[PDB]
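Visitor: The following block contains the structure, expressed as structure tokens.
Number of protein chains: 2
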Amino acid sequence: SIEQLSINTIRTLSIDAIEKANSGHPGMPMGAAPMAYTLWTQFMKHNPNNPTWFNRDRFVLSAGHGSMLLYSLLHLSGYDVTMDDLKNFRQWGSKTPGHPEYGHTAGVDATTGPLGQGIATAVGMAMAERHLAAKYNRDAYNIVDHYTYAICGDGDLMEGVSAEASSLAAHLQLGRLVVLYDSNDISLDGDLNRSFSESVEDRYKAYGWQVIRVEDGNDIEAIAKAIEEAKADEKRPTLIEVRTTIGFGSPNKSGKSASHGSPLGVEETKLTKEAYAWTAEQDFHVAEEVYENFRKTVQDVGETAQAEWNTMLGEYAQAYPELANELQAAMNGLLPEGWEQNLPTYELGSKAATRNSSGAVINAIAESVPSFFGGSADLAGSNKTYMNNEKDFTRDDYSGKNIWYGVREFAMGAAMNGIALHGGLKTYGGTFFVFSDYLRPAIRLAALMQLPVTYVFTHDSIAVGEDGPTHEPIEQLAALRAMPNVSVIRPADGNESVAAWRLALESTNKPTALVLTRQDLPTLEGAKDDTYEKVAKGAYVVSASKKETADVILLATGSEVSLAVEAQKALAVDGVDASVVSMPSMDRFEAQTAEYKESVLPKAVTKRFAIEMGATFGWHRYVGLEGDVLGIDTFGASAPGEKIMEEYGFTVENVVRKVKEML
Amino acid sequence: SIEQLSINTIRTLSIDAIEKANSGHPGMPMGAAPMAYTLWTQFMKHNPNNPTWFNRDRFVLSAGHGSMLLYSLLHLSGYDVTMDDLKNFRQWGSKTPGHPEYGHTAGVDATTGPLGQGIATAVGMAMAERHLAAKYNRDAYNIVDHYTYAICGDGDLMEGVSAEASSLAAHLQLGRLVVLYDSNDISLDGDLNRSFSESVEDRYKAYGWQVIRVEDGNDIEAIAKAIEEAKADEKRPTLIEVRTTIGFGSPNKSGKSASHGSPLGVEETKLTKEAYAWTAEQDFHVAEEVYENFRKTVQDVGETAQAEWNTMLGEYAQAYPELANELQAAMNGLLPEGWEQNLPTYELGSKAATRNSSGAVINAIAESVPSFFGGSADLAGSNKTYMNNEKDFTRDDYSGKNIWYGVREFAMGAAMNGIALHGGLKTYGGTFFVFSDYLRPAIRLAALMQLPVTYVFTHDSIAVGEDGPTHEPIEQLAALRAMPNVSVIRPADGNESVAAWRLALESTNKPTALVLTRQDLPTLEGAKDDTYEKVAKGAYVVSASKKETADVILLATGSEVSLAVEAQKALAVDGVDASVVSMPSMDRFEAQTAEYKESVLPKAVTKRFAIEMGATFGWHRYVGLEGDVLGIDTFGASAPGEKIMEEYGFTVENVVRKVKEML
Ligand SMILES: [Cl-]
Ligand SMILES: [Mg+2]
Ligand SMILES: [Mg+2]
């Protein structure tokens, strides 16, 4: 009956916070408060005074809309989420935003809301945990050893991304992933049965998960049994279908979707509190006995767990000083001193496809940077992402560094977020640039969360050639350039692409999309010296005009810079004096100083011509009303890459003509 | 037998076309030839001489890299794909591009290539078939009565979109969808089991599909029985797992991912032709009897079938003339005369949220345009997409026009494509604008295929308020505006709204995204008269500068136009004379004459200020180097919408101030 009291406090806090905000989702906090309370207080190892503890159990509220459930538990458990925080649910500047936000609220492990992704993120977190354990754990010292938990709803399990991530998690046999499914026959919009009649249990057994059913979500002893069972089966990831009733306790709107997405309201709140034998007559009431219960079951237990872990760690250090030092540095995102010495250089006269350049870099990194971990969505041979002297990450060897994601772009993107969130690893994921659209929503969460993951997007243009328009990117550059807090770098040759990789690996608070070619690019002279400082500025002058004042500026990126440089000679002959600007990254250029920008794009020179095999959208920021751009505003074609390029106008002859045309 | 010879003509035609192109995917045509031959030859009714026949069985090559298999079949059975076309596989301008392209090659029902989507598009075609039968069907007369077939591979079933579509196809008990699964233990990059170990069969049963397995994929007999078996169970969809060996016949690369996506090579194709007992010495050899075998099994069968169907149609028109007439108009994409007569109007001084505005138009269209069919990804309540005077589309009533997609944005997008492809129906689908990201690859295929589907994207800005940054679009406008052949319309009020919908329904060759507000917008004096004509222009002067040439032009779209027109009056008080341009749609504006454009945005007026709650990316096309934009280049926040709007600078006083600063 104290557990019951605690459960009803969670319920009642949630409801009251939502009444006060006059916004929010009360229904599932009420249905799910029991299973959540049981997991949080009886199974999870976590320290409310140190939410950042490396070996804490991880937790993901995949069903984001139920955020008050998480906020309640955090507050009641002694995390730094106060009563005044709860009373500011969904308000400007809150620590209690409408959906959970990693980095903004103490104890929130991931940002959820977009449905399905929380589960896939958790799958990434569980990958990181076994990978780190294999790398770092030794005799006695189970230094990395924890579980990964999530709570989801019906929506989550309809989304393809959760389907992909579950297939994957089963294949890697991630036995410490445990997902609690709030199964209540209601969706965002009405009865589940309006969209949904599949057998979740049977699908998950088919993947290869353990599934365990709980008939009565209000039965704590049963949920507790299922989790015990979940945790003893280290072989399979486990799903626990917990049968609950949405808005439990609301007489009028319990059974209904009406209870899902808006405050139950003053009269119905009173009635609900009745139904709970909730006598407390002030809102936001929590009994001393309830705090005490959480202090006993969560705070004291996590405290002790953490203290022992720290003692183990100190012993681990003496017994394995260099190993423990490496781990320390990895947990802190520090790259080893001098790691970049390893990297390729491309000599004047060489030719390299930037996907190949990227592969050579990836191999030099795997050798010099112990925290590197990544793979491809089933395109390893085409993306060049494979670490040739590293093992595969598998159910049989969690220490392998090469991940085989299969044809699961979206789950890949979301797992990468989970890998980064965990800490202790630098990750990357490869697919064809044209398929970046498949994982777009995960990129956006990586941007929101400030996660420094790296995407290896190859086959970046119509130069892809025979595969045709469904495989040729056109608008993909603009679609990422417009997104807040993503860096997009499209290197113009081998050396720019080594600098690009350094910038991606060095990132701490934003994802980096590397945009790479299928086809060979000529090593540029203007790029060879101080490439890193050049690429770091985002745009620099790769080939100066003759006078301090150019007749025209050619701007180009990636594979079009070489083109721009030939055009430049061709124009010199005809008495036109061009400078060439290489712009491997618009976002980095934009962050530079008014004085630096002005030194690369002189305001008095209005004659500017951008060249890029992609949408023209975005280029007028640089070329203005009086400049022009050679880009591509239609889809591509199926033909040898160089034939499309010629037909689409990417030839010196055409650039010279279009340029002479506008001055 | 003549079957085996016909089957190996498919094989060799495919091999040699790839040899000659020196590019392509030999592996699957080799392994899948038997199964595809059996389906095409012994089950599908289709008339090579009329690929457009409304009641043919539809076919989707979801595993699009296997295009030579489809092209071989089309040629051999007498569709307008000639031998020379085959000899120009993957060549510039040819009718045989590397992945199938709808509208480019006779008898290709859908564009495929991006994996997984083919299946989800098939699901939509099957949804159209059934809906259309229930609407238009009658006694004796089976006007709409056909099947939907696809062929997919391992990759397709790892993709989340095929999971979502399959779940939904099961829910709807689309009994006339049969997917042939080329199951060969080889994915794109190596052994299937490096990434994949799930039970596909058990998963599909779990959803509610029928799974028939064919143990030996060379057994025409066994495959044929499976298909019969699929066609008497009109209760659920069927998945037939056909076990094949990729690159069957190849000695050094059969069974290996090596046969997947490169030409066999000149001497390895020698050995393979050896293994088929293929003796011909010229390259693209088709023996006379093979042609005839196809003429008997496909052409003759197809013509008789179409003739019989044509007569039944004759009887139908005599027996239900007004109905028959309706069907005819639908199949020809014709909107009824005066359909737009009951279209809502908003009087000066009124208010309307464009999602409600849109809701009103949707209901008015369901009344007056009988080919309408659409729904929401579980957000009918919030998107306002529901037709309140229409029934729901269900396994028990396909006459229902209201579709319930569930939480499956991607599958809904691809299904809509399948619906538009079928013919007979005008579709739309709704979700939060922030989640357009989820169905992006399907929007791209819609743009590619020139399908006039309509997206209802509501909740378009940080005005969404409390739900927070994961739910507040920023970059979604730019991301769509950059893509070729998509129209994007962001109505500035209720009237601009109604016009947008008309332009959308009137579309015939491009998807239209409607970008709609959760919050009320004030009806605009300048938009009130000739709304349709103004919006059709893309951008127009919504309230004039007092004077010949303005001091400044204010550009705005959607919910920002009113802020702009208010800025314009505060600016007037202060001595600055501004005109206000509403741009509901940048793409429509760009298509206007140079002279129309000059009238809205005179090249003389260089002081131009853009205002929009979304990335600033792209605006410089209009405001140039000398102008400015007030937009949002960070993520949003969790707070009342009003409050986020003020904090992010969207107030009269801040607009007036930033304009003065650029004067
Ligand atoms: Cl749900
Ligand atoms: Mg639910
Ligand atoms: Mg395969």
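If you read the protein sequences in the order shown, they are chains A and B.
Taking the authors' numbering, the leading residue of the first sequence gets 4, the next gets one more, and so forth.
Taking the authors' numbering, the leading residue of the second sequence gets 4, the next gets one more, and so forth.
Note that the Cβ used here is the ideal one computed from N, Cα and C, for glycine as well.
#1: Along chain A, which residues have their Cβ under 8 Å away from the Cβ of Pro444(B)?
#2: Run down chain A in chain order and give the residues with a C-beta less than 9 Å from the C-beta of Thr637(B).
#3: Where does the unbroken alpha helix (DSSP H) through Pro37(B) begin, and where does it stop?
#4: With distances taken between CB atoms, is the gap from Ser360(A) to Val501(A) smaller than 8 Å?
#5: Use the C-beta contact count for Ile10(B): other C-beta atoms within 10 angstroms, 16 or more gives buried, fewer gives exposed.
#6: Identify the continuous alpha helix (DSSP H) that holds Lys354(B) and give its terminal residues.
#7: DSSP on residue 688(B), reduced to helix/strand/coil?
#8: Can you tell me which residues fall inside 6 Å of ligand 1, judged by beta-carbon distance to its nearest heavy atom, and keep chain order?
#9: Who are the neighbours of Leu118(B) on chain A, taking C-beta pairs under 7 Å?
#10: In its own chain, which residues sit with a C-beta less than 8 Å from the C-beta of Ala109(A), not counting the 5 before and 5 after it?
#11: What residues of chain B sit near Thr114(A), judged by a beta carbon separation below 7 Å?
#12: So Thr511(B) is in the beta strand (DSSP E); what residue range does that whole segment cover?
#13: Taking any Cβ of chain B, which residues in the segment 648-660 of chain A have a Cβ under 9 Å from it, in chain order?
#14: Is it the case that the CB of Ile154(B) approaches a heavy atom of ligand 3 more closely than 7 Å?
#15: Looking at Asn187(A) and ligand 2, is the gap between the Cβ and the nearest heavy atom below 7 Å?
#16: Indicate whether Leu633(B) and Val555(B) have their beta-carbon atoms separated by less than 8 Å.
#17: So what does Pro472(B) bridge to, in DSSP terms?
#18: Going by DSSP, which residues form a beta bridge with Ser582(B)?
#19: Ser565(A): which of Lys540(A), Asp523(A), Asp590(A), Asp532(A) sits nearest, CA to CA?
#20: Out of curiosity, what's the CA-to-CA distance linking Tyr144(A) and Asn221(B)?
#21: Quick one: which chain A residues come within Cβ less than 7 Å of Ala618(B)?
#22: Check distances from the C-beta atoms of the segment 193-210 of chain A to those of chain B and list, in chain order, the residues that come in under 9 Å.
#23: Use the C-beta contact count for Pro324(A): other C-beta atoms within 10 angstroms, 16 or more gives buried, fewer gives exposed.
#24: If contacts are defined as beta-carbon pairs under 8 Å, then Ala39(A) and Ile154(A) qualify, I think. What distance do you get, rounded to the angstrom?
#25: To the nearest angstrom, report how far apart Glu295(A) and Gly69(A) are at their CA atoms.
#26: Please confirm whether any heavy atom of ligand 2 lies closer than 7 Å to the CB of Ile422(B).
#27: Does ligand 2 have a heavy atom nearer than 7 Å to the CB of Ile249(A)?
#28: Taking the alpha-carbon positions, what's the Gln571(B) to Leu558(B) distance?
#29: Along chain A, which residues have their Cβ under 7 Å away from the Cβ of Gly384(B)?
#30: Less than 8 Å between the CB atoms is what I'm expecting for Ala125(B) and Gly421(B), so what's the real figure, rounded?
#31: For my contact list, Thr114(B) and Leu448(B) are in at a C-beta cut-off of 8 Å; report their separation, rounded to the angstrom.
#32: Cβ atoms of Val364(A) and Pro339(A): under 8 Å apart, would you say?
#33: Determine the chain A residues that contact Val63(B) at a beta-carbon separation under 8 Å, and present them in chain order.
#34: Taking Cβ positions only, does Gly627(B) come closer than 8 Å to chain A?
#35: Name the chain A residues that come within less than 9 Å of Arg93(B), Cβ to Cβ?
Guide: With the structure as the only source:
#1: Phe438, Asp440, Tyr441
#2: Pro487, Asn488
#3: 30-45
#4: yes
#5: buried
#6: Premise fails: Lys354(B) lies in the beta strand (DSSP E), 354-356, not in any alpha helix (DSSP H).
#7: Limits of chain B in this structure are 4 at one end and 666 at the other, which puts residue 688(B) out of reach.
#8: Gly156(A), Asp157(A), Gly158(A), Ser190(A)
#9: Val410
#10: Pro54, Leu77, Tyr82, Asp83, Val84, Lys98
#11: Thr473
#12: Segment: none, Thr511(B) is in no beta strand (DSSP E) and carries neither H nor E.
#13: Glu650
#14: no
#15: yes
#16: no
#17: Answer by DSSP bridge pairing: none, since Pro472(B) is not bridged.
#18: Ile556(B)
#19: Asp523(A)
#20: 55 Å
#21: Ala485
#22: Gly193, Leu195, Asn196, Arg197, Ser198, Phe199, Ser200, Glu201, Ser202, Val203, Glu204, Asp205, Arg206, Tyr207, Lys208, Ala209, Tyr210
#23: exposed
#24: 6 Å
#25: 24 Å
#26: no
#27: yes
#28: 11 Å
#29: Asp192
#30: 6 Å
#31: 6 Å
#32: no
#33: Residues of chain A passing the Cβ test: none, with the nearest at roughly 14 Å.
#34: yes
#35: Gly468, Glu469, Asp470, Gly471, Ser641, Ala642, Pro643
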